[PDB]
Each structure stands twice: as C-alpha cells, then as structure tokens.
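> I'm passing along run_16.pdb; it holds PDB, C-alpha atoms (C1' of nucleotides).
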```pdb
ATOM      1  CA  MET A   1     -59.460   4.488  15.748
ATOM      2  CA  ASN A   2     -62.683   5.081  13.858
ATOM      3  CA  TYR A   3     -61.374   8.328  12.408
ATOM      4  CA  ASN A   4     -58.125   9.837  11.103
ATOM      5  CA  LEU A   5     -56.707  13.263  12.150
ATOM      6  CA  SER A   6     -53.551  12.409  10.082
ATOM      7  CA  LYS A   7     -52.666  13.309   6.479
ATOM      8  CA  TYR A   8     -52.351   9.673   5.441
ATOM      9  CA  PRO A   9     -55.082   7.435   4.025
ATOM     10  CA  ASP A  10     -56.812   4.918   6.249
ATOM     11  CA  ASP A  11     -54.645   1.943   5.300
ATOM     12  CA  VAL A  12     -51.497   3.836   6.211
ATOM     13  CA  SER A  13     -52.944   5.026   9.506
ATOM     14  CA  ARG A  14     -53.922   1.515  10.530
ATOM     15  CA  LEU A  15     -50.236   0.611  10.277
ATOM     16  CA  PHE A  16     -49.509   3.068  13.093
ATOM     17  CA  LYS A  17     -51.742   1.251  15.482
ATOM     18  CA  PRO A  18     -50.421   1.942  18.969
ATOM     19  CA  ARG A  19     -49.716  -0.395  21.824
ATOM     20  CA  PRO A  20     -52.494  -0.949  24.379
ATOM     21  CA  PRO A  21     -52.904   1.757  27.020
ATOM     22  CA  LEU A  22     -50.464   1.925  29.882
ATOM     23  CA  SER A  23     -51.366   0.363  33.175
ATOM     24  CA  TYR A  24     -51.609   2.430  36.338
ATOM     25  CA  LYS A  25     -49.089   2.163  39.148
ATOM     26  CA  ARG A  26     -49.102   4.037  42.417
ATOM     27  CA  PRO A  27     -46.326   6.607  42.797
ATOM     28  CA  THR A  28     -43.233   6.134  44.920
ATOM     29  CA  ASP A  29     -41.948   9.716  44.958
ATOM     30  CA  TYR A  30     -43.201  12.991  46.290
ATOM     31  CA  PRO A  31     -46.301  14.740  44.944
ATOM     32  CA  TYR A  32     -45.502  17.879  43.053
ATOM     33  CA  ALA A  33     -46.569  20.327  45.725
ATOM     34  CA  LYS A  34     -44.542  18.614  48.413
ATOM     35  CA  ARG A  35     -41.290  18.868  46.500
ATOM     36  CA  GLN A  36     -38.679  21.118  48.042
ATOM     37  CA  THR A  37     -35.039  20.839  48.780
ATOM     38  CA  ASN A  38     -34.058  21.465  52.324
ATOM     39  CA  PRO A  39     -35.766  24.269  54.149
ATOM     40  CA  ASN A  40     -34.480  24.963  57.674
ATOM     41  CA  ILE A  41     -30.975  25.536  56.415
ATOM     42  CA  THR A  42     -29.413  26.492  59.713
ATOM     43  CA  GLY A  43     -27.203  29.490  60.223
ATOM     44  CA  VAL A  44     -23.528  29.896  59.448
ATOM     45  CA  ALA A  45     -22.472  32.089  62.367
ATOM     46  CA  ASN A  46     -22.402  29.400  65.055
ATOM     47  CA  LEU A  47     -19.336  27.891  63.374
ATOM     48  CA  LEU A  48     -17.356  31.089  63.569
ATOM     49  CA  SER A  49     -16.900  31.123  67.321
ATOM     50  CA  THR A  50     -15.974  27.526  68.107
TER      51      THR A  50
ATOM     52  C1'   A B   1      39.270  15.665  27.969
ATOM     53  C1'   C B   2      43.431  16.158  24.290
ATOM     54  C1'   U B   3      49.181  15.056  23.386
ATOM     55  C1'   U B   4      53.852  12.219  24.677
ATOM     56  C1'   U B   5      56.092   8.359  27.604
ATOM     57  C1'   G B   6      57.681   3.436  29.589
ATOM     58  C1'   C B   7      55.259  -0.369  33.102
ATOM     59  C1'   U B   8      50.928  -4.057  34.193
ATOM     60  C1'   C B   9      46.726  -6.880  32.266
ATOM     61  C1'   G B  10      43.823  -8.423  27.958
ATOM     62  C1'   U B  11      38.997 -10.842  22.912
ATOM     63  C1'   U B  12      41.501 -12.561  18.220
ATOM     64  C1'   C B  13      46.105 -12.893  14.601
ATOM     65  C1'   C B  14      51.543 -12.415  13.726
ATOM     66  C1'   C B  15      56.514 -11.377  15.380
ATOM     67  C1'   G B  16      60.689 -10.612  19.346
ATOM     68  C1'   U B  17      60.015 -14.715  22.655
ATOM     69  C1'   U B  18      55.886 -18.209  24.622
ATOM     70  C1'   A B  19      58.757 -14.858  31.215
ATOM     71  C1'   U B  20      56.824 -11.021  28.620
ATOM     72  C1'   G B  21      56.620  -7.053  25.176
ATOM     73  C1'   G B  22      55.509  -4.941  20.191
ATOM     74  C1'   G B  23      52.170  -4.484  16.114
ATOM     75  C1'   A B  24      47.091  -5.260  13.613
ATOM     76  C1'   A B  25      41.770  -5.747  14.033
ATOM     77  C1'   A B  26      37.067  -8.044  14.941
ATOM     78  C1'   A B  27      38.740 -10.612   9.710
ATOM     79  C1'   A B  28      36.475 -15.914  14.938
ATOM     80  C1'   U B  29      31.800 -14.578  19.089
ATOM     81  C1'   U B  30      27.309 -11.641  20.372
ATOM     82  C1'   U B  31      23.362  -7.494  20.162
ATOM     83  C1'   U B  32      21.305  -3.717  17.342
ATOM     84  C1'   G B  33      19.675  -1.821  12.147
ATOM     85  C1'   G B  34      18.960  -2.923   6.667
ATOM     86  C1'   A B  35      18.862  -6.072   1.782
ATOM     87  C1'   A B  36      17.897 -10.793  -0.481
ATOM     88  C1'   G B  37      16.109 -15.984  -0.241
ATOM     89  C1'   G B  38      13.529 -20.269   2.187
ATOM     90  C1'   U B  39       9.630 -22.164   5.402
ATOM     91  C1'   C B  40       5.026 -21.623   8.222
ATOM     92  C1'   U B  41       0.812 -18.556   9.030
ATOM     93  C1'   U B  42      -2.759 -14.579   8.830
ATOM     94  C1'   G B  43      -5.637 -10.702   6.025
ATOM     95  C1'   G B  44      -7.109  -8.384   1.362
ATOM     96  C1'   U B  45      -8.320  -8.668  -3.910
ATOM     97  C1'   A B  46     -11.908  -2.868  -7.183
ATOM     98  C1'   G B  47     -10.775   0.801  -6.254
ATOM     99  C1'   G B  48      -6.638   4.431  -4.824
ATOM    100  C1'   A B  49      -3.667   9.149  -4.764
ATOM    101  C1'   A B  50      -3.589  14.647  -5.630
ATOM    102  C1'   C B  51      -6.218  19.104  -6.099
ATOM    103  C1'   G B  52     -10.935  21.805  -4.959
ATOM    104  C1'   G B  53     -15.247  24.475  -2.936
ATOM    105  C1'   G B  54     -20.618  30.025  -1.299
ATOM    106  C1'   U B  55     -20.285  20.300   0.467
ATOM    107  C1'   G B  56     -22.885  17.185   4.464
ATOM    108  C1'   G B  57     -22.083  15.347   9.298
ATOM    109  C1'   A B  58     -19.371  14.555  14.033
ATOM    110  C1'   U B  59     -16.241  16.907  18.069
ATOM    111  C1'   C B  60     -14.529  21.622  20.622
ATOM    112  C1'   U B  61     -14.914  26.950  22.254
ATOM    113  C1'   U B  62     -18.027  31.395  23.000
ATOM    114  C1'   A B  63     -22.882  33.660  23.310
ATOM    115  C1'   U B  64     -25.069  30.251  27.713
ATOM    116  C1'   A B  65     -25.054  30.279  35.668
ATOM    117  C1'   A B  66     -31.680  34.387  34.246
ATOM    118  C1'   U B  67     -38.830  30.671  33.254
ATOM    119  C1'   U B  68     -38.403  24.978  27.933
ATOM    120  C1'   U B  69     -33.082  19.865  29.563
ATOM    121  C1'   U B  70     -26.364  20.613  32.507
ATOM    122  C1'   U B  71     -24.501  25.484  37.405
ATOM    123  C1'   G B  72     -29.922  22.491  41.938
ATOM    124  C1'   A B  73     -36.622  23.257  45.180
ATOM    125  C1'   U B  74     -37.865  15.237  44.926
ATOM    126  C1'   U B  75     -32.366  13.016  51.252
ATOM    127  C1'   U B  76     -39.610  15.337  53.669
ATOM    128  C1'   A B  77     -37.551  18.552  56.939
ATOM    129  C1'   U B  78     -39.653  23.009  60.988
TER     130        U B  78
END
```
Do you think you could lay out the structure here as structure tokens?

Amino acid sequence: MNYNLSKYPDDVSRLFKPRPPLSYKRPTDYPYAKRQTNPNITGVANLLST
RNA sequence: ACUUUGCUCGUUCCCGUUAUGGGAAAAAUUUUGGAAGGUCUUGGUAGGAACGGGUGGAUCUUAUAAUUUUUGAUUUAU
C-alpha cells in the first residue's frame, strides 16, 4: 500500500486497509476440466419390451 | 307446515280443584349479545384522519427455458 489508485487522499485510503491475504487450502471438488454430469446415459428402448 | 278439536304430561303463577283440567308467562333459573359502575392488571401518552400526484421502496405477473445467477455438464462415470 505504498501508492493509491483510488480517488481519495492517502489518509482515507489507509482506512480501507484490507485483511491479510487468504490462506491456501487444497481443493475437495473436481477440477474444472473434469466436470461433467453423467455421460453414458444408457438407452431408453430396453425398457419398452419388458 | 298452517287451522280447529278434546285427551295425556309439564318450568313458573292463579283459578275450577290439589284426581286433574283451564288460563298467563319467564315476571323465579341459565346461556348468548349490549349499556353503566366497581375491583385487579397490562400498554400508550405527540401526533392523527381525509384528499392528492408526471413520489420512493417492497411483493406479483409478462418479456425470460437461448453464452453473465433459477428450467442442469461438479453423484467421476465408459
């Protein structure tokens, strides 16, 4: 926070001092490329006989 | 159901009589509604009503199931 990209003066921009940076935690879900619903939706015609 | 008729019973009063009948009505009792008064409690005490609009904001319907939120690609799959 050496500099100010905001419209306010320096004293006002020191008031908007943020929290410390967020810690890192390993993910528990699926990575974005591996997301899909169900593929291999099986066919509907097998029902129709039996 | 309405109208007339005598008989039997009946809440209360009177009479013919206390077998029973005739007449009157809640005027005695209760429940329901309202007015007034008493007692106890609980809350308020500076705004309120009526009218009004090229007034703000909520909710609802329709555009709107077509890439930026709600009409399915995060049950890890073959």
> Distance cut-off 7 Å, counting all atoms listed in the file - which residues of chain A neighbour chain B? Return them as a list in words.
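Within 7 Å of chain B on chain A, we get residues 29, 30, 35, 36, 37, 38, 39 and 40 of chain A.
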> Can you tell me how far atom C1' of residue 67 of chain B sits from atom CA of residue 28 of chain A, in Å to one decimal?
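Distance between the two atoms: 27.5 Å.
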> What is the distance, in Å and to one decimal place, between atom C1' of residue 9 of chain B and atom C1' of residue 25 of chain B?
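Separating atom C1' of residue 9 of chain B from atom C1' of residue 25 of chain B is a distance of 18.9 Å.
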> Name every residue that the PyMOL selection byres ((chain B and resi 29-34) around 10) selects in this structure, writing the answer as a PyMOL selection string with chains first and numbers rising.
chain B and resi 11-12+26+28+35
> I need the output of the PyMOL selection byres ((chain B and resi 14) around 12) for this file as a PyMOL selection string; which residues are they?
chain B and resi 12-13+15-16+22-25
> Taking every listed atom of segment 25-29 of chain A and adding 8 Å to each side, what centre and edge lengths in Å (one decimal) does the axis-aligned box have, as lines of an AutoDock Vina configuration file?

```
center_x = -45.5
center_y = 5.9
center_z = 42.1
size_x = 23.2
size_y = 23.6
size_z = 21.8
```
> In Å, with one decimal, what is the gap from atom CA of residue 20 of chain A to atom CA of residue 5 of chain A?
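Separating atom CA of residue 20 of chain A from atom CA of residue 5 of chain A is a distance of 19.2 Å.
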> Using all atoms listed in the file, which residue out of A:33, A:1, A:41, A:47 lies closest to residue 15 of chain A?
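Of A:33, A:1, A:41, A:47, the one nearest residue 15 of chain A, counting all atoms listed in the file, is A:1.
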> Could you add N, CA, C and O atoms to segment 2-22 of chain A and give me the result as a PDB file, keeping the file's coordinate frame?

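File produced: selection-v4.pdb:
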```pdb
ATOM      1  N   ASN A   2     -61.648   5.032  14.878  1.00  0.00           N
ATOM      2  CA  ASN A   2     -62.683   5.081  13.858  1.00  0.00           C
ATOM      3  C   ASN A   2     -62.368   6.130  12.811  1.00  0.00           C
ATOM      4  O   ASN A   2     -62.895   6.083  11.695  1.00  0.00           O
ATOM      5  N   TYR A   3     -61.543   7.102  13.168  1.00  0.00           N
ATOM      6  CA  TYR A   3     -61.374   8.328  12.408  1.00  0.00           C
ATOM      7  C   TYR A   3     -59.889   8.589  12.246  1.00  0.00           C
ATOM      8  O   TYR A   3     -59.045   7.879  12.801  1.00  0.00           O
ATOM      9  N   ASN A   4     -59.557   9.529  11.358  1.00  0.00           N
ATOM     10  CA  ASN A   4     -58.125   9.837  11.103  1.00  0.00           C
ATOM     11  C   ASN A   4     -57.888  11.350  11.133  1.00  0.00           C
ATOM     12  O   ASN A   4     -58.446  12.053  10.271  1.00  0.00           O
ATOM     13  N   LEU A   5     -57.068  11.821  12.077  1.00  0.00           N
ATOM     14  CA  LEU A   5     -56.707  13.263  12.150  1.00  0.00           C
ATOM     15  C   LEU A   5     -55.416  13.487  11.349  1.00  0.00           C
ATOM     16  O   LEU A   5     -54.998  14.651  11.213  1.00  0.00           O
ATOM     17  N   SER A   6     -54.813  12.395  10.865  1.00  0.00           N
ATOM     18  CA  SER A   6     -53.551  12.409  10.082  1.00  0.00           C
ATOM     19  C   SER A   6     -53.803  12.708   8.599  1.00  0.00           C
ATOM     20  O   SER A   6     -54.968  12.670   8.158  1.00  0.00           O
ATOM     21  N   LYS A   7     -52.713  12.989   7.883  1.00  0.00           N
ATOM     22  CA  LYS A   7     -52.666  13.309   6.479  1.00  0.00           C
ATOM     23  C   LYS A   7     -52.792  12.057   5.626  1.00  0.00           C
ATOM     24  O   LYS A   7     -53.178  12.130   4.455  1.00  0.00           O
ATOM     25  N   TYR A   8     -52.472  10.901   6.199  1.00  0.00           N
ATOM     26  CA  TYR A   8     -52.351   9.673   5.441  1.00  0.00           C
ATOM     27  C   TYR A   8     -53.735   9.109   5.142  1.00  0.00           C
ATOM     28  O   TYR A   8     -54.711   9.474   5.797  1.00  0.00           O
ATOM     29  N   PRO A   9     -53.850   8.212   4.168  1.00  0.00           N
ATOM     30  CA  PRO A   9     -55.082   7.435   4.025  1.00  0.00           C
ATOM     31  C   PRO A   9     -55.277   6.457   5.167  1.00  0.00           C
ATOM     32  O   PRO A   9     -54.429   6.307   6.044  1.00  0.00           O
ATOM     33  N   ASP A  10     -56.432   5.793   5.145  1.00  0.00           N
ATOM     34  CA  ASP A  10     -56.812   4.918   6.249  1.00  0.00           C
ATOM     35  C   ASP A  10     -55.893   3.721   6.371  1.00  0.00           C
ATOM     36  O   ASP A  10     -55.535   3.337   7.483  1.00  0.00           O
ATOM     37  N   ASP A  11     -55.505   3.119   5.251  1.00  0.00           N
ATOM     38  CA  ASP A  11     -54.645   1.943   5.300  1.00  0.00           C
ATOM     39  C   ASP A  11     -53.291   2.277   5.902  1.00  0.00           C
ATOM     40  O   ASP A  11     -52.725   1.472   6.640  1.00  0.00           O
ATOM     41  N   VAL A  12     -52.784   3.475   5.645  1.00  0.00           N
ATOM     42  CA  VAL A  12     -51.497   3.836   6.211  1.00  0.00           C
ATOM     43  C   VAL A  12     -51.643   4.121   7.699  1.00  0.00           C
ATOM     44  O   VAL A  12     -50.764   3.799   8.495  1.00  0.00           O
ATOM     45  N   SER A  13     -52.770   4.689   8.105  1.00  0.00           N
ATOM     46  CA  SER A  13     -52.944   5.026   9.506  1.00  0.00           C
ATOM     47  C   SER A  13     -53.297   3.811  10.346  1.00  0.00           C
ATOM     48  O   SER A  13     -53.194   3.859  11.568  1.00  0.00           O
ATOM     49  N   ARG A  14     -53.772   2.731   9.737  1.00  0.00           N
ATOM     50  CA  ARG A  14     -53.922   1.515  10.530  1.00  0.00           C
ATOM     51  C   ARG A  14     -52.579   0.872  10.829  1.00  0.00           C
ATOM     52  O   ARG A  14     -52.481   0.028  11.720  1.00  0.00           O
ATOM     53  N   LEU A  15     -51.546   1.201  10.055  1.00  0.00           N
ATOM     54  CA  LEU A  15     -50.236   0.611  10.277  1.00  0.00           C
ATOM     55  C   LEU A  15     -49.606   1.171  11.534  1.00  0.00           C
ATOM     56  O   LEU A  15     -48.767   0.523  12.157  1.00  0.00           O
ATOM     57  N   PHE A  16     -50.008   2.376  11.918  1.00  0.00           N
ATOM     58  CA  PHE A  16     -49.509   3.068  13.093  1.00  0.00           C
ATOM     59  C   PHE A  16     -50.462   2.841  14.257  1.00  0.00           C
ATOM     60  O   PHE A  16     -50.851   3.754  14.984  1.00  0.00           O
ATOM     61  N   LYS A  17     -50.872   1.606  14.404  1.00  0.00           N
ATOM     62  CA  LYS A  17     -51.742   1.251  15.482  1.00  0.00           C
ATOM     63  C   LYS A  17     -50.891   1.226  16.725  1.00  0.00           C
ATOM     64  O   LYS A  17     -49.805   0.646  16.689  1.00  0.00           O
ATOM     65  N   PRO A  18     -51.283   1.880  17.803  1.00  0.00           N
ATOM     66  CA  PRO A  18     -50.421   1.942  18.969  1.00  0.00           C
ATOM     67  C   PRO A  18     -50.486   0.677  19.789  1.00  0.00           C
ATOM     68  O   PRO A  18     -51.284  -0.217  19.540  1.00  0.00           O
ATOM     69  N   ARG A  19     -49.637   0.620  20.798  1.00  0.00           N
ATOM     70  CA  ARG A  19     -49.716  -0.395  21.824  1.00  0.00           C
ATOM     71  C   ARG A  19     -50.980  -0.200  22.655  1.00  0.00           C
ATOM     72  O   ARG A  19     -51.618   0.840  22.568  1.00  0.00           O
ATOM     73  N   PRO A  20     -51.378  -1.179  23.469  1.00  0.00           N
ATOM     74  CA  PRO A  20     -52.494  -0.949  24.379  1.00  0.00           C
ATOM     75  C   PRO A  20     -52.151   0.096  25.418  1.00  0.00           C
ATOM     76  O   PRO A  20     -50.965   0.404  25.645  1.00  0.00           O
ATOM     77  N   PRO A  21     -53.155   0.701  26.049  1.00  0.00           N
ATOM     78  CA  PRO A  21     -52.904   1.757  27.020  1.00  0.00           C
ATOM     79  C   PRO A  21     -52.112   1.304  28.228  1.00  0.00           C
ATOM     80  O   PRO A  21     -52.129   0.136  28.603  1.00  0.00           O
ATOM     81  N   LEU A  22     -51.384   2.243  28.811  1.00  0.00           N
ATOM     82  CA  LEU A  22     -50.464   1.925  29.882  1.00  0.00           C
ATOM     83  C   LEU A  22     -51.223   1.604  31.146  1.00  0.00           C
ATOM     84  O   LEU A  22     -52.261   2.194  31.420  1.00  0.00           O
TER      85      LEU A  22
END
```
